[PDB]
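Whatever order the structure lists them in is the order used to number ligands and atoms, beginning at 1. A note on names: the letters A, B, ... follow the listed sequences, proteins ahead of strands, and every chain is numbered from 1. Only this structure's heavy atoms are used, side chains among them; waters, hydrogens and symmetry mates stay out.
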Number of protein chains: 4
Amino acid sequence: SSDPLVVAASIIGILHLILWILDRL
Amino acid sequence: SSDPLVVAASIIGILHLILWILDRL
Amino acid sequence: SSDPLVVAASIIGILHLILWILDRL
Amino acid sequence: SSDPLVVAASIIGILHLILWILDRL
Ligand SMILES: [Ca+2]
Ligand SMILES: [Ca+2]
Ligand SMILES: [Ca+2]
Ligand SMILES: [Ca+2]
Ligand SMILES: [Ca+2]
Ligand SMILES: [Cl-]
């Protein structure tokens, strides 16, 4: 388990990557 | 809970994203 | 130990960096 | 505490930011 802050940051980070890929495609 | 180093890095990461968005807007 | 979500995000983050470096080189 | 993998990724992430800032400056 992790700090809820870290879990939040991890989710935001992944979604940021996915949005960037979809934008490029 | 997480390592204080990881908590620190998560905070820096989020603030980096927010500053980038505000700069673009 | 960390949340499996955070572990996943950390792996994705590193691989993203490695791919970017290899692309530049 | 966090997974050693996550600790590693956090350190790499911060150093990446610092190097980028120093490069820009
Ligand atoms: Ca933990
Ligand atoms: Ca806490
Ligand atoms: Ca420690
Ligand atoms: Ca969980
Ligand atoms: Ca482990
Ligand atoms: Cl963690």
Side-chain angles (χ1 to χ4, degrees):
Chain A
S1 60
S2 305
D3 195 284
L5 209 163
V6 177
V7 178
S10 297
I11 292 170
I12 294 168
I14 294 296
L15 294 173
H16 180 185
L17 170 58
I18 295 174
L19 289 176
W20 177 85
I21 290 171
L22 290 176
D23 183 274
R24 285 287 300 268
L25 293 172
Chain B
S1 60
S2 305
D3 195 284
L5 209 163
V6 177
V7 178
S10 297
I11 292 170
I12 294 168
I14 294 296
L15 294 173
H16 180 185
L17 170 58
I18 295 174
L19 289 176
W20 177 85
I21 290 171
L22 290 176
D23 183 274
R24 285 287 300 268
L25 293 172
Chain C
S1 60
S2 305
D3 195 284
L5 209 163
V6 177
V7 178
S10 297
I11 292 170
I12 294 168
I14 294 296
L15 294 173
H16 180 185
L17 170 58
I18 295 174
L19 289 176
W20 177 85
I21 290 171
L22 290 176
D23 183 274
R24 285 287 300 268
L25 293 172
Chain D
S1 60
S2 305
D3 195 284
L5 209 163
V6 177
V7 178
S10 297
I11 292 170
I12 294 168
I14 294 296
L15 294 173
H16 180 185
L17 170 58
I18 295 174
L19 289 176
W20 177 85
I21 290 171
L22 290 176
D23 183 274
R24 285 287 300 268
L25 293 172

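- The CG atom of B:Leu15 sits 5.5 Å away from the CD1 atom of B:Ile18 when rounded to the nearest 0.5 Å.
- Distances shorter than 3.0 Å separate the Ca ion (ligand 2) from the protein N/O/S atoms A:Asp3 OD2.
- The backbone N or O of D:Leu5 sits nowhere less than 3.5 Å from a side-chain atom of C:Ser10 that would complete a donor-acceptor pair.
- In this view, A:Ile21 and A:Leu17, A:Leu25 satisfy the side-chain contact (heavy atoms from CB on, under 4.5 Å) rule, not counting sequence neighbours.
- Distance check, rounded to the nearest 0.5 Å: CD1 of A:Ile11 to CG of C:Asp3 gives 8.5 Å.
- Cluster membership check: A:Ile12 does not share its hydrophobic cluster with C:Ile14, using side-chain heavy-atom separations under 4.5 Å among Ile, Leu, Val, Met, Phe, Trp and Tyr.
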